[PDB]
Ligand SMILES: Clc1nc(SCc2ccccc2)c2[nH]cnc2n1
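Single chain ahead, by itself, as structure tokens, in the form solved without 6-benzylthio-2-chloropurine (05Z).
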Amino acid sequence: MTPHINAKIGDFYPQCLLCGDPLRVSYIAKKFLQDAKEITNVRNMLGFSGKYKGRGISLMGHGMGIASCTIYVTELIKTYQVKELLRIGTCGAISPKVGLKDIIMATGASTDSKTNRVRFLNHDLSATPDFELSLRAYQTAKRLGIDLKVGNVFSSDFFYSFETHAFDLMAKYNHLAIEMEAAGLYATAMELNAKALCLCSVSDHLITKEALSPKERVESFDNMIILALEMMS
């Protein structure tokens, strides 16, 4: 039905959680969802539909980077009629305004990719999330006690940056972290009239050069998972 998803039309609820790591998508199915079944497995990129607090929710892995994210976000919308996409993952903080275990809501995704220039007349597409969904995130966060960090992230084509000298200038311009997908997520949801949001969990801080132990990563990520599931229920 698509080259990258072997689910049947209707297997996806119109709300979908997105992760890069299909192993994390699997974890969220067995632990936080009821009646969760695997609906897709192409290239080991798992996807699930299930229930949280009585409500129907779908989960989907999307690999790493803007190209990979765009492929799956594209197919989820145009073929499986997903209408809200919430992506959650890790980043590398580059700003002193955030530290470990913080959660970042990206209201802007700057980039060094050419994808949005290709999409958009070789001008500067300000790749942003759906406002209402970010309002749900902010409000849900408050009810759950989370102090959300709000600002821009920088979506890079490079995990190994050739421009680490530019991180202070990115922080200057209200870039709280670097990750690798939100500009594609946001541009794709924009392209296809869909609602998207990206939440970051600070697992590594690239300025102070501190990181979380593998235990704290699981507990830090659990709190971002609950936030996601709570704003979609």
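Here the rigid core means the biggest group of C-alpha atoms that line up within 1.5 Å when the two forms are laid on top of each other. Start at 1 with the first residue shown and count on from there. Only residues modelled in both forms are compared.
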**Asked** Per the entry, where is the mean C-alpha temperature factor higher: 81-89 or 120-128?
**Response** 81-89
**Prompt:** Which has the higher mean CA temperature factor in the PDB entry, 101-109 or 141-149?
**Reply:** 141-149
**Complete:** When the entry's CA B-factors for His175, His62, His165, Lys37 are compared, the highest one belongs to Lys37
**Prompt:** By its CA B factor, does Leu192 count among the lowest, middle or highest third of the modelled residues in the chain?
**Reply:** middle
**Lowest, middle or highest third - CA B-factor, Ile28** = highest
**Prompt:** Ranked by Cα temperature factor within the chain, is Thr70 in the lowest third, the middle third or the highest third?
**Reply:** lowest
**Fill in**
Entry-reported C-alpha B-factor of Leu46 relative to its chain, by third, is highest
**Position of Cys198 among the chain's modelled residues by C-alpha B-factor, lowest, middle or highest third** = lowest
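The form solved in complex with 6-benzylthio-2-chloropurine (05Z) exists for this protein as well; it is not shown, and the discussion that follows is about that form.
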**Asked** With a 4.5 Å heavy atom cut-off, would you call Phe162 a contact of 6-benzylthio-2-chloropurine (05Z) in the deposited complex?
**Response** no
**Prompt:** Does at least one non-hydrogen atom of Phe120 fall within 4.5 angstroms of 6-benzylthio-2-chloropurine (05Z) in the deposited complex?
**Reply:** no
**Request:** Give a yes or no for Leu206: in the deposited complex, does one of its heavy atoms lie within 4.5 Å of a heavy atom belonging to 6-benzylthio-2-chloropurine (05Z)?
**Result:** yes
**Message:** When the contact criterion is heavy atoms within 4.5 Å, does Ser113 count as touching 6-benzylthio-2-chloropurine (05Z) in the deposited complex?
**Reply:** no
**Complete:** Of 183-191, 197-205, 32-40, 48-56, the segment with heavy atoms within 4.5 Å of 6-benzylthio-2-chloropurine (05Z) in the deposited complex is residues 197-205
**Fill in**
Contact with 6-benzylthio-2-chloropurine (05Z) in the deposited complex, heavy atom within 4.5 Å, among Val82, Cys91, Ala127, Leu86 goes to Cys91
**Request:** Go through 168-199 residue by residue and record those having a heavy atom within 4.5 Å of 6-benzylthio-2-chloropurine (05Z) in the deposited complex; state none if no residue qualifies.
**Result:** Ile178, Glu179, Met180
**Complete:** Counting only common residues, the segments between this form and the one not shown where three or more consecutive C-alphas all move by 2 Å or more on the rigid core are 210-220
